[PDB]
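Comments concern the structure below.
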Amino acid sequence: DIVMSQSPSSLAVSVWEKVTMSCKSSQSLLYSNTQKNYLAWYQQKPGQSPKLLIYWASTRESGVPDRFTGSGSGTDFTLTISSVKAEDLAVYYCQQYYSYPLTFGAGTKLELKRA
Amino acid sequence: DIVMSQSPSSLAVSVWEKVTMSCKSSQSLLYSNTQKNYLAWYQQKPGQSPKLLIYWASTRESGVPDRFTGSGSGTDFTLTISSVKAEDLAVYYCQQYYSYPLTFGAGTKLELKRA
Amino acid sequence: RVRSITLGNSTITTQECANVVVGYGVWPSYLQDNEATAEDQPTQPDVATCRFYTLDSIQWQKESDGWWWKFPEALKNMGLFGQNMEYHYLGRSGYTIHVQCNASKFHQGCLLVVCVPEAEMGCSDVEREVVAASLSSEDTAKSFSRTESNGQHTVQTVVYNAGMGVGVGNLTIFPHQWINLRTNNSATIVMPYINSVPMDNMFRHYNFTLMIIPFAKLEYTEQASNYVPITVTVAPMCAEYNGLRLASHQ
Amino acid sequence: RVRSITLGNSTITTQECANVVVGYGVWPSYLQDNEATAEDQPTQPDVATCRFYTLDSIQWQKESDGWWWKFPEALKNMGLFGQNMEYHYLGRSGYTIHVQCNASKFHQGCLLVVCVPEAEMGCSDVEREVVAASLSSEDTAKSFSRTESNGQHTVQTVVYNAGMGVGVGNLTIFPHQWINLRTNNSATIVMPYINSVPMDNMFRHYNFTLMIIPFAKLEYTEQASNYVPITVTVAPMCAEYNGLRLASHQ
Amino acid sequence: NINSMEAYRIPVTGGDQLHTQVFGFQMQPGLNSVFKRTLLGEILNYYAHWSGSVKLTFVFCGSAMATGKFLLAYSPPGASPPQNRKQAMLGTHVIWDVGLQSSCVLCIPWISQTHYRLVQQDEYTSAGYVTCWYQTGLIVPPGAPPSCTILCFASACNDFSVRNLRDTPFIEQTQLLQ
Amino acid sequence: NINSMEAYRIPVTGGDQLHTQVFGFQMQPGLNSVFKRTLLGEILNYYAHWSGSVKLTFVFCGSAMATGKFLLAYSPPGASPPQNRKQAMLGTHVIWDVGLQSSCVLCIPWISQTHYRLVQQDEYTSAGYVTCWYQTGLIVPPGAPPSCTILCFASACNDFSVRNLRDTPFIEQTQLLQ
Amino acid sequence: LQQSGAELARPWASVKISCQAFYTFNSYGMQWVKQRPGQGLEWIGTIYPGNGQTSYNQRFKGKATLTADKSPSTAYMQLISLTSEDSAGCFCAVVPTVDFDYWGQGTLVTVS
Amino acid sequence: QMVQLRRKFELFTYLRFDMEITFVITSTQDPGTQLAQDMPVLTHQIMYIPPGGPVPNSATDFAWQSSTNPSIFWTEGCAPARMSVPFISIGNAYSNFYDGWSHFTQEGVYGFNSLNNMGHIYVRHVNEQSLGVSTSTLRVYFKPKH
Amino acid sequence: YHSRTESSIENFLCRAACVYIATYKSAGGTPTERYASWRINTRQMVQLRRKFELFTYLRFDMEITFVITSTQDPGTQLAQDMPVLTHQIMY
């Protein structure tokens, strides 16, 4: 089994603050045929079904801002959130395409901090 | 393709009124090896994931009352609701196990009528 | 004296020189001309199906009662022979069940390894019938019981009546072998194809049942490993089919 | 004169007596002793893979430009030959592509049916590379185009440069046949195995490409059915493998 | 048509012409715009001398219900191109009846004063012309398309030879790639 | 264990496992950490190409009163390592009954597309894996030690050859000694 | 019983949905249903692991890909070229050829 | 890299040949101060790194003194240096075209990591010249044989 | 069936190897840098030492080759017209 760690498990942040979040793999999800990391990033809105954020651990999807960007290689990754807005308060789960038991990560809960 | 009809598509009823609902198949979902109709009955609570009501078109599930009972054979069926309560207001979908495109029925919306 | 057996370009089994039991006295063979009723030719897959299918090992513990596998369902997922049970309509095959144990000289016990043709089984509840899920699993054994089973649609799995309502000591009538751990170690039975028709559909029909019953129970002292692994190895013989189609069932 | 061809106990194709093209002058054959480098024996599946795999029919319309299939990916899902591409590591096979059309005597047109060994293809965007999803589909044809393709990772599918940057009239250098609807109806090319190694892995490598290009376009009057179906039928020859394992890829 | 497939199809329209020309070219392989890019004329551009015959083949790509006649004339190297069908008849011609045959193989003789012949050197009115003239037209039944298509195929013969290898005129790039 | 003798002894513990693995390695001599320092893989590092078979031998260094069974599986070059004993059984296996034999000679075939094979070049999932699985366990009488030891011995065969001599990767010193 | 967490996608792109089954993948395939709030339930396809078969409804052929591995023991469905018509709740269910049994939760696909 | 020879080789799919490489090295004296003056004779090392062989990162590296890489020591003023390399491939021919991929998963580059590697050629001055600079110009005359 | 001539003892131990690079001047000063010296031993170079130490007992002839390249030293009182350098190598 390949397990996916997430740190921090959750963090509360205000508006316009660049946040990140690491997702470290117990095995390097990078194969030497195409050199394309097998990692997926997912946003599960509060009380909603999750949607795609970053596939191949490097590429964006449509209707997704530059405050969601994959970054890393090997067995350690992170998702830079540059300019946070009022649509990022949710739980985010990373995932790997490599080992057939497709386990997801712990799950970072990006929390919203008000006045 | 085997299509599953439902009539009425929806009906509003009060408390303690025996209601039924027909689900007629475009092909007899009964094979001559075991004589067991291939029909499933399902309750999708308002804003909820559906659950099983009647499998083999004849047998009940656990935690299910006698106000949910399969009835019929061949290509015409119905689900007798004997004593309605405050947990039947929902949408119900019938389904067939026979043809591989497992299409569901139209969907009866058992509506609640108040004072 | 430790002669190796290679059957197909995948299988190796190591075995010493011991005794075999050949069926009811016949070796498995191919169907001749004045034996069949079908309107076509068999086209036997000799080039791919004759190999050793070593099933998982069971643990003969001190308090175990017996195990049975129904055939040919016991090779339903085992490789290409399971594919031929899908993509055909009729089938006909003999088998060479080889059963062997790995015990020390400080263990003791005795097994009876029977092949029962048409071992139809009664239900644990009278005025009721069995289901197919209680007759046999697809690759794992089904355990006999010391006490009385009491289910609704299960099998009467009491051990001294053998699931058929007979005396368990009289199962010696069918092809059998005794594994006595003092002297014997292995057992190998060569079953032919027995039916009343030349070819049957091998999904509904169970041709025979391989039962392994311990008559003298396993004893050991406190140093010893507290089980003896029994390893069954089935090799099909002279398999031939008819009715090429898709996988209509399962 | 309407002689039937039966290849395996599944296939029947009806065909008259016409001309064949045999490769570069050699028939497909089995590998001899002083030709291989692998450390094992081939174990060719002659008993199951030699049959006719009739692909879906394309419609030669008035405004069509050409079609290509890459091989051996063109039989990736076609039956047991697709299974051998999964459960092996190396492979080596010749083919007998048979192409025929069903036109009336009131239709006119001309096709060129080429088998291009190592038809490496350039991309529609310079300073970029193709993907595998634009080179070939698994069983359906890939269309040439009259105008210029303009994608990012696609193939330069213009018709007069044949996807390789050459003159389309010079593709007559490779094994070919002309289907001229006035006189000819069918075309049958027998391709051997051409490689620089005796056996290659048939997932990454494309051995050859079968191109069908109309040089004189299809014309018809208003009564006529406004297409001519072109039916391709591929039969593998002398297929042999090595490296039995599971389906590691796809 | 050079940027399409229409530069391979010789159009034979159907109707009332009966005295006009189908095509015509100067018969000099490896120098003519018609021949310098085919397989024969790509190999001839790698050499400075050439000698041998050229074999032409014209395939009528029409329907089996169509019928007509073409006059395939060949003029010698020191001779003018024929201007009408009557001038081409008195020269060297074959009559290609497309109802009987679908292909007309036309082999061209090797006539020169010297042994070999320069490929890049151009000698006007010293190569030969192969023209084609309508003889009857193109007769079709009701249901057959009136217009049709011819394709031409050129190759060498067994007496062919080359000499004095050099660089092809086609490749102009000089500096190495990257 | 690399700085001790424990990096030669394959531990076979005794008890209740019956479904786990004993060992397993990627079968590429002269490149694998398992094989590059043995006599076969020290000679292969002096050359750039190699071709031939590898012969493995596993010696059960237990007591004569011990009995068990191991499943010695070999997977082909384009194939995944077996994950349980049931997957390894359907591949290419031998059953090594250590009560009957003390050594299990396992020769490995030479499978490649080309004639020779590069030694330093690494081609993942194109070499083969040799794994070993528990079949029964290890049954001992009272008085015999429950845990045991296997040793492996690798060599070449008669069809072995090398080509394109070069310098060994192991020696890094460059300047002369003193 | 488990399904992917809510995720936000972009049209003309793909989504990979996961499903987790405690029960072993044998003798019975994994169902995939797409729910339309305005209409009813629609079957997408099933991948039967016991015999390894993969199948889709004609409507979803070319749209849905079903893939189940062995050691991870998780069922996946991928959709591509997403449009607003694909925004829906997708459920995975089991089938032992005896019933469709239960489904469970599921991330609401939200193409935006 | 050379289009004129590339077009002649790309009239064929599969080729098999030995190499016959010849090196025309002409040196000159650089201008500026601290001139060469009395320069004794220039010796040049031409090293053929066999495919998969140690490749020099720069001058005065150990790769130059590696026994594995065949080398020629040539002194200026006489006939040019010549070497012949046989057909060096795991395969049975070189391929001008490769309709395929480098990894077994159809991943990587569309026909560039193929077994069509012939090696490298590296040339340097053997001399230790302190005063003055000498700029040499190499001309490689490649030729296939058989 | 391949050939094993590439791994014979002659083809494995007979390659020329640069084992010693020294320099020697041609004018006075200390009487040490005016000549070069090498005691013939196959132990100072590790790469060749490891190949020879796959064997206990060896027997061979030697084939020594000397690559001598000279240069002109900088400073004043230059070489100017130097006629030709002759070198004595003594075994």
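Just remember, in the structure tokens the first chain shown is A, the second B, etc., residues are 1-based per chain, and ligands are 1-based in the order shown.
Every protein or nucleic acid residue with an atom no more than 7 Å from residue 19 (chain B), counting only C-alpha atoms and leaving out same-chain residues fewer than 4 positions away, appears here: residues 80, 81 and 82 of chain B.
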Output N, CA, C and O atoms for every residue in the selection just made, as a compact mmCIF listing (two decimals), in the first residue's frame.
# COMPACT_ATOMS: atom_id res chain seq x y z
N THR B 80 -47.37 -1.75 -3.02
CA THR B 80 -48.45 -1.39 -2.11
C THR B 80 -47.90 -0.67 -0.89
O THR B 80 -47.01 -1.19 -0.20
N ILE B 81 -48.42 0.52 -0.62
CA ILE B 81 -48.12 1.26 0.59
C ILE B 81 -49.38 1.25 1.45
O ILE B 81 -50.35 1.96 1.15
N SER B 82 -49.36 0.45 2.51
CA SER B 82 -50.58 0.16 3.26
C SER B 82 -50.97 1.31 4.18
O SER B 82 -52.05 1.89 4.05
Contact residues around residue 79 (chain I) with only C-alpha atoms at 12 Å, ignoring same-chain residues under 4 positions, as number ranges by chain: H: 36-40; I: 26-27, 71-75, 83-85
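The chain D residues that come within 10 Å of chain C are residues 9, 10, 43, 45, 47, 48 and 244 of chain D, with only C-alpha atoms taken into account.
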How would the residues just picked look written out with N, CA, C and O atoms as an mmCIF file, in the first residue's frame?
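File written: selection09.cif
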data_model
loop_
_atom_site.group_PDB
_atom_site.id
_atom_site.type_symbol
_atom_site.label_atom_id
_atom_site.label_comp_id
_atom_site.auth_asym_id
_atom_site.auth_seq_id
_atom_site.Cartn_x
_atom_site.Cartn_y
_atom_site.Cartn_z
ATOM 1 N N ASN D 9 -11.695 -22.424 -37.559
ATOM 2 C CA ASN D 9 -13.084 -22.874 -37.488
ATOM 3 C C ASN D 9 -13.989 -21.730 -37.012
ATOM 4 O O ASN D 9 -14.811 -21.854 -36.103
ATOM 5 N N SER D 10 -13.799 -20.563 -37.620
ATOM 6 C CA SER D 10 -14.734 -19.461 -37.442
ATOM 7 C C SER D 10 -14.989 -18.643 -38.695
ATOM 8 O O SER D 10 -16.051 -18.018 -38.784
ATOM 9 N N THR D 43 7.340 -20.997 -29.183
ATOM 10 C CA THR D 43 6.014 -21.556 -28.873
ATOM 11 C C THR D 43 4.902 -20.779 -29.587
ATOM 12 O O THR D 43 4.112 -20.054 -28.982
ATOM 13 N N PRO D 45 1.566 -19.751 -31.413
ATOM 14 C CA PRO D 45 0.147 -20.154 -31.273
ATOM 15 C C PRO D 45 -0.558 -20.305 -32.617
ATOM 16 O O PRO D 45 -1.511 -19.590 -32.945
ATOM 17 N N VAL D 47 -2.417 -22.763 -33.547
ATOM 18 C CA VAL D 47 -3.715 -23.422 -33.428
ATOM 19 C C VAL D 47 -4.875 -22.472 -33.184
ATOM 20 O O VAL D 47 -6.032 -22.907 -33.238
ATOM 21 N N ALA D 48 -4.619 -21.190 -32.914
ATOM 22 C CA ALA D 48 -5.720 -20.315 -32.525
ATOM 23 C C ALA D 48 -5.730 -18.936 -33.167
ATOM 24 O O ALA D 48 -6.778 -18.284 -33.129
ATOM 25 N N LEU D 244 6.165 -15.053 -21.608
ATOM 26 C CA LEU D 244 4.854 -15.209 -20.986
ATOM 27 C C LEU D 244 4.820 -14.547 -19.606
ATOM 28 O O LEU D 244 5.694 -14.778 -18.766
#
So that I can see what lies close to region 89-103 of chain A, please list as a ChimeraX atom specification the residues with an atom at most 7 Å from it, counting only C-alpha atoms and leaving out residues fewer than 4 positions away in the same chain. /A:1-3,23,29,38-46,107-112 /G:69-74
Write out as a list in words each polymer residue whose atoms come within 9 Å of residue 216 (chain D), counting only C-alpha atoms; drop sequence neighbours fewer than 2 positions from it. residues 108, 109, 110, 111, 180, 214, 218 and 219 of chain D; 5, 6, 8, 9, 61, 62, 148, 149, 150 and 151 of chain E
Wanna dump the chain H-chain D contacts at 9 Å for me, each residue with its shortest atom pair and the distance in Å to one decimal, counting only C-alpha atoms, ordered by chain and number, as JSON lines?
{"residue": "H:13", "atom": "CA", "partner": "D:118", "partner_atom": "CA", "distance": 7.5}
{"residue": "H:14", "atom": "CA", "partner": "D:196", "partner_atom": "CA", "distance": 7.1}
{"residue": "H:90", "atom": "CA", "partner": "D:197", "partner_atom": "CA", "distance": 8.7}
{"residue": "H:91", "atom": "CA", "partner": "D:197", "partner_atom": "CA", "distance": 5.5}
{"residue": "H:92", "atom": "CA", "partner": "D:196", "partner_atom": "CA", "distance": 5.4}
{"residue": "H:93", "atom": "CA", "partner": "D:196", "partner_atom": "CA", "distance": 5.4}
{"residue": "H:94", "atom": "CA", "partner": "D:196", "partner_atom": "CA", "distance": 7.2}
{"residue": "H:95", "atom": "CA", "partner": "D:196", "partner_atom": "CA", "distance": 7.2}
{"residue": "H:97", "atom": "CA", "partner": "D:118", "partner_atom": "CA", "distance": 6.1}
{"residue": "H:98", "atom": "CA", "partner": "D:118", "partner_atom": "CA", "distance": 5.9}
{"residue": "H:99", "atom": "CA", "partner": "D:120", "partner_atom": "CA", "distance": 4.4}
{"residue": "H:100", "atom": "CA", "partner": "D:205", "partner_atom": "CA", "distance": 4.1}
{"residue": "H:101", "atom": "CA", "partner": "D:204", "partner_atom": "CA", "distance": 5.3}
{"residue": "H:102", "atom": "CA", "partner": "D:204", "partner_atom": "CA", "distance": 7.5}
{"residue": "H:103", "atom": "CA", "partner": "D:204", "partner_atom": "CA", "distance": 7.2}
{"residue": "H:104", "atom": "CA", "partner": "D:204", "partner_atom": "CA", "distance": 5.6}
{"residue": "H:105", "atom": "CA", "partner": "D:204", "partner_atom": "CA", "distance": 6.5}
{"residue": "H:106", "atom": "CA", "partner": "D:204", "partner_atom": "CA", "distance": 4.8}
{"residue": "H:107", "atom": "CA", "partner": "D:204", "partner_atom": "CA", "distance": 8.4}
{"residue": "H:109", "atom": "CA", "partner": "D:129", "partner_atom": "CA", "distance": 8.1}
{"residue": "H:110", "atom": "CA", "partner": "D:129", "partner_atom": "CA", "distance": 7.5}
{"residue": "H:111", "atom": "CA", "partner": "D:120", "partner_atom": "CA", "distance": 8.7}
Compile the residues of chain G that lie within 9 Å of chain C, evaluated using only C-alpha atoms, and express the compilation as number ranges by chain. G: 27, 50-51, 97
Selected residues, C-alpha atoms, written as a PDB file, in the first residue's frame, please.
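Contents of the output file part_36.pdb:
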ATOM      1  CA  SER G  27     -17.995 -12.638  -8.672  1.00  0.00           C
ATOM      2  CA  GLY G  50     -14.708 -11.349 -11.118  1.00  0.00           C
ATOM      3  CA  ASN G  51     -14.381 -12.071 -14.863  1.00  0.00           C
ATOM      4  CA  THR G  97     -25.957 -10.655  -9.752  1.00  0.00           C
TER       5      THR G  97
END
Spatial neighbours of region 55-70 of chain H, max dist 10 Å, only C-alpha atoms, sep filter under 5 positions, as an NGL selection string: (:F and (46-48 or 164-168 or 174-175)) or (:H and (45-50 or 83 or 119-126)) or (:I and (15-19 or 47-48))
Residues within 6 Å of region 31-48 of chain G, please, as a ChimeraX atom specification. Count only C-alpha atoms; anything in the same chain fewer than 4 positions from it doesn't count. /B:102-104 /G:52-57,88-94
Identify, on the basis of only C-alpha atoms, every residue whose closest approach to residue 55 (chain C) does not exceed 9 Å; exclude the query and any residue fewer than 5 positions from it along the same chain; express the result as a CSV table (one decimal) with N, CA, C and O atoms, in the first residue's frame.
chain,number,residue,atom,x,y,z
C,74,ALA,N,-14.2,-26.2,-8.9
C,74,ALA,CA,-12.9,-26.0,-8.2
C,74,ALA,C,-11.9,-25.3,-9.1
C,74,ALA,O,-10.9,-24.8,-8.5
C,75,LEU,N,-12.0,-25.4,-10.4
C,75,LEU,CA,-11.1,-24.7,-11.3
C,75,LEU,C,-11.8,-23.6,-12.1
C,75,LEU,O,-11.6,-23.5,-13.3
C,78,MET,N,-9.2,-20.8,-12.2
C,78,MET,CA,-7.8,-21.2,-12.4
C,78,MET,C,-7.5,-21.2,-13.9
C,78,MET,O,-7.5,-22.2,-14.6
C,139,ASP,N,-12.9,-21.7,-5.2
C,139,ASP,CA,-11.6,-22.3,-5.1
C,139,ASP,C,-11.2,-22.7,-3.7
C,139,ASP,O,-10.2,-23.4,-3.6
C,140,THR,N,-11.9,-22.4,-2.6
C,140,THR,CA,-11.6,-22.7,-1.3
C,140,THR,C,-12.4,-23.9,-0.8
C,140,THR,O,-13.5,-24.1,-1.4
C,231,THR,N,-1.7,-29.9,0.7
C,231,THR,CA,-1.7,-29.2,-0.6
C,231,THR,C,-2.3,-30.0,-1.7
C,231,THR,O,-1.8,-31.2,-1.9
C,232,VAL,N,-3.3,-29.5,-2.3
C,232,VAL,CA,-4.0,-30.3,-3.4
C,232,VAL,C,-3.5,-29.7,-4.7
C,232,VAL,O,-3.4,-28.5,-4.9
C,233,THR,N,-3.3,-30.5,-5.7
C,233,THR,CA,-2.8,-30.1,-7.0
C,233,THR,C,-3.6,-30.9,-8.1
C,233,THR,O,-3.6,-32.1,-8.2
C,234,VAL,N,-4.4,-30.2,-8.9
C,234,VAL,CA,-5.3,-30.8,-9.9
C,234,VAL,C,-4.7,-30.5,-11.3
C,234,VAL,O,-4.4,-29.4,-11.6
F,86,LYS,N,-0.4,-16.9,-4.8
F,86,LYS,CA,-1.3,-17.4,-5.9
F,86,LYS,C,-0.9,-16.8,-7.2
F,86,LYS,O,-1.0,-17.5,-8.2
If you run DSSP on the backbone, which residues of chain H are helix (DSSP H, G or I), as a VMD selection string? chain H and resid 3 to 9 62 to 65
Restricting it to C-alpha atoms, dump the selection as a JSON list (two decimals), in the first residue's frame.
[["chain", "number", "residue", "atom", "x", "y", "z"],
["H", 3, "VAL", "CA", 20.97, 17.54, -45.10],
["H", 4, "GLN", "CA", 22.88, 16.54, -48.29],
["H", 5, "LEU", "CA", 23.97, 13.16, -46.80],
["H", 6, "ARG", "CA", 20.75, 12.79, -44.83],
["H", 7, "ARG", "CA", 18.67, 12.67, -48.01],
["H", 8, "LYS", "CA", 20.88, 9.96, -49.54],
["H", 9, "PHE", "CA", 20.66, 7.82, -46.40],
["H", 62, "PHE", "CA", 40.44, 11.45, -16.65],
["H", 63, "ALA", "CA", 38.11, 10.48, -19.55],
["H", 64, "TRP", "CA", 41.00, 11.42, -21.90],
["H", 65, "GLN", "CA", 43.34, 8.91, -20.12]]
Using Å and a single decimal, report how far CA of residue 142 (chain D) sits from CA of residue 93 (chain D). 22.9 Å
Please return as a PyMOL selection string: the residues of chain A that backbone DSSP assigns to strand (DSSP E). chain A and resi 4-7+10-13+22-25+39-44+50-55+59-60+69-73+76-80+90-96+108-112
